[PDB]
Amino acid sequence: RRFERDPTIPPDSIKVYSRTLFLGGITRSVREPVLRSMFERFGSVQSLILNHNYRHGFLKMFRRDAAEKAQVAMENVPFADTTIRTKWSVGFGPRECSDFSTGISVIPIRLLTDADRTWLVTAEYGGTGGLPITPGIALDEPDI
């Protein structure tokens, strides 16, 4: 688990690496079992939800490094009547604190909600692995 002292982090902040990818271009010809098999090449898929009414989906990998590999490989993939476009999702903490190009956030601890704080410490994957939230640490996205 990532619990990395990172001297690039400002005072009273943490850094969080998203494990979640946004999937764009999801027409009805693009189905969950096929996407799952595509992304399993890069590592174990923790969750995958498609919503064809919005032409999109969200895929979470157990590991941040697998998510990075999947994002670069699947960034623009012609498929049937569409192109699958894989980008980072930032679904944890304030979106104001994030680089959407890489799915990395630098979050002042004071802006975490109590729920955010609890998820960070209790997550099976990501988060602090049971340690307190303290400044200058980089973590992966917690399960909620």
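Position 1 is the first residue in the sequence shown; the rest follow in order.
S.K.: Which is higher in the entry, the mean Cα B factor of 86 to 94 or that of 49 to 57?
M.R.: It is 86 to 94.
S.K.: Mean C-alpha B-factor higher for 35 to 43, or for 96 to 104?
M.R.: In the deposited entry, the stretch with the higher C-alpha B-factor mean is 96 to 104.
S.K.: Among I109, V30, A70, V77, where is the Cα temperature factor highest, going by the PDB entry?
M.R.: Comparing C-alpha B-factors across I109, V30, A70, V77, the top value belongs to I109.
S.K.: In terms of CA temperature factor as recorded, identify the highest of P135, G24, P132, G126.
M.R.: Out of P135, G24, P132, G126, the record gives the largest C-alpha B-factor to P135.
S.K.: C-alpha B factor of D143, ranked within the chain: lowest, middle or highest third?
M.R.: According to the entry, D143 has a C-alpha B-factor in the chain's middle third.
S.K.: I9's Cα B-factor: lowest, middle or highest third of the chain?
M.R.: Within its chain, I9 is a highest-third residue by C-alpha B-factor, going by the deposited values.
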